[PDB]
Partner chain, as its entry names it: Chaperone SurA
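Only one chain is shown below, in structure tokens, and it's the form solved without the partner chain.
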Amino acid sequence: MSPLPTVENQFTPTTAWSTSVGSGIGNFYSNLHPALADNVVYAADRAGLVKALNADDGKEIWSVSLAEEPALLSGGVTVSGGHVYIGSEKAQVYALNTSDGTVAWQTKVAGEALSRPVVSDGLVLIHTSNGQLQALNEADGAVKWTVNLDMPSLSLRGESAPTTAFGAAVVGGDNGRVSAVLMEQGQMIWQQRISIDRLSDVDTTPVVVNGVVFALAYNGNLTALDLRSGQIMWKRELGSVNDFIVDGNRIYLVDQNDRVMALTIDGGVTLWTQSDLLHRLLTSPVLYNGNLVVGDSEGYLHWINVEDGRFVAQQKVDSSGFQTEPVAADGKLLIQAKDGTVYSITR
């Protein structure tokens, strides 16, 4: 991989707290990451342990075990409306109560539930490794509808979490197509192709802004689609499995070779590229106090200025390394290392 660049920090980022969460995910590549809601962090490990932690000091509020298989906890954590949602590779979806971690409900779904659960319109959206998109009722977990998506012969481990807008879910497929489905009854609305060198997963979360859907497939392309019809407005030959950011009139992405880039929202023209972290296996990016932040497999956080793609800081945080997505919300920056340790980072 690319060696570590020498950076003179413009500020000194530090760790506000860290808290272990069992043994994390280790080398099992998956989505599992922390959630934050009302000053509580919810985080899990693959084996089945789930904790709620005070967001200010990382001290434990409750801790439960969903094993007592291992559970193979994998998709999530997502929190909404008093519920903590987690999908597993034993094809289970759990809804835990935020107050005490009791299981409100648990549902057997169609396949390994790899995706970050997405909550919208009273439903919980789950995307399985065998190509099913399912909507579960928030109140009892009953499956309301299922959409079959075509699976190629080989794909990339992971499943697209849909975005939602105007009563539709917009989801990436493993065969290079983006699909829009009505959330009332899972009615297919439109499907548009945007795609080992034949690998073409849209594992990224689509982003919907001003009647436009932005989606990104592995091996290309980054495409803008008309939300109403699915028609392609423009495309850029860029590829990734990492979520990207649309903020202001900018697109920020980390491509499949770990180039970090900023593009214009109107046409996807590149503003800058930062290639120094090439093949260090970056997490997807997050905006924190003005800056782009990514983690790498060696356990560094890199802070990047959005105007010019310049490093403003770097910090050595965790030896087991990073993989799953960082989270920035309510004044916090959170990230979970492969060994399960959750960090709250302060700028």
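Residue numbers count along the first chain shown, from 1.
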* Structure fact -> Of the deposited residues between residue 195 and residue 196, the number without coordinates is 4 to 9
* Asked: Which fits the stretch between residue 57 and residue 58: none, 1 to 3, 4 to 9, or 10 or more deposited residues lacking coordinates?
  -> none
* For the stretches 271-279 and 82-90, which has the higher mean C-alpha B-factor as given in the deposited record? -> 271-279
* Asked: Got a sec? Mean C-alpha B-factor, which is higher, 308-316 or 30-38?
  -> 308-316
* **Largest Cα B-factor, entry values, listed residues 115, 231, 98, 204** => 231
* Structure fact -> Top Cα B-factor in this entry, restricted to 163, 107, 191, 102, sits on 191
* Would you mind ranking residue 294 by its C-alpha B-factor against the rest of the chain and naming the third, lowest, middle or highest? => lowest
* Structure fact -> For residue 176, the third of its chain by CA B-factor is the highest
* Looking at the C-alpha B-factor of residue 284, is it in the lowest, middle or highest third of its chain? -> lowest
* residue 168 by Cα B-factor - lowest, middle or highest third of the modelled chain -> middle
* Looking at the entry's B-factor column for C-alpha atoms only, identify whether residue 237 ranks in the lowest, middle or highest third of its chain. => highest
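The form deposited with the partner chain bound exists for this protein as well; it is not shown, and the discussion that follows is about that form.
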* Listed residue (97, 273, 164, 137) with a non-hydrogen atom within 4.5 angstroms of the partner chain in the bound PDB entry -> 273
* Among the candidates 119, 143, 233, 209, the residue which, in the bound PDB entry, approaches the partner chain to within 4.5 Å (heavy atoms) -> 233
* Is there a non-hydrogen atom of residue 254 within 4.5 angstroms of a non-hydrogen atom of the partner chain in the bound PDB entry? -> no
* Using a 4.5 Å heavy atom cut-off, state whether residue 133 contacts the partner chain in the bound PDB entry. => no
* So in the bound PDB entry, does residue 226 come within 4.5 Å of the partner chain, heavy atom to heavy atom? -> yes
* Flag residue 213 as yes or no: does it have a non-hydrogen atom within 4.5 angstroms of any non-hydrogen atom of the partner chain in the bound PDB entry? => no
* Partner-facing stretch of 119-127, 76-84, 97-105, 265-273, counted where any non-hydrogen atom is within 4.5 angstroms of the partner chain in the bound PDB entry -> 265-273
* **Contacts with the partner chain in the bound PDB entry, stretch 235-252 (heavy atom within 4.5 Å)** => 236, 237, 238
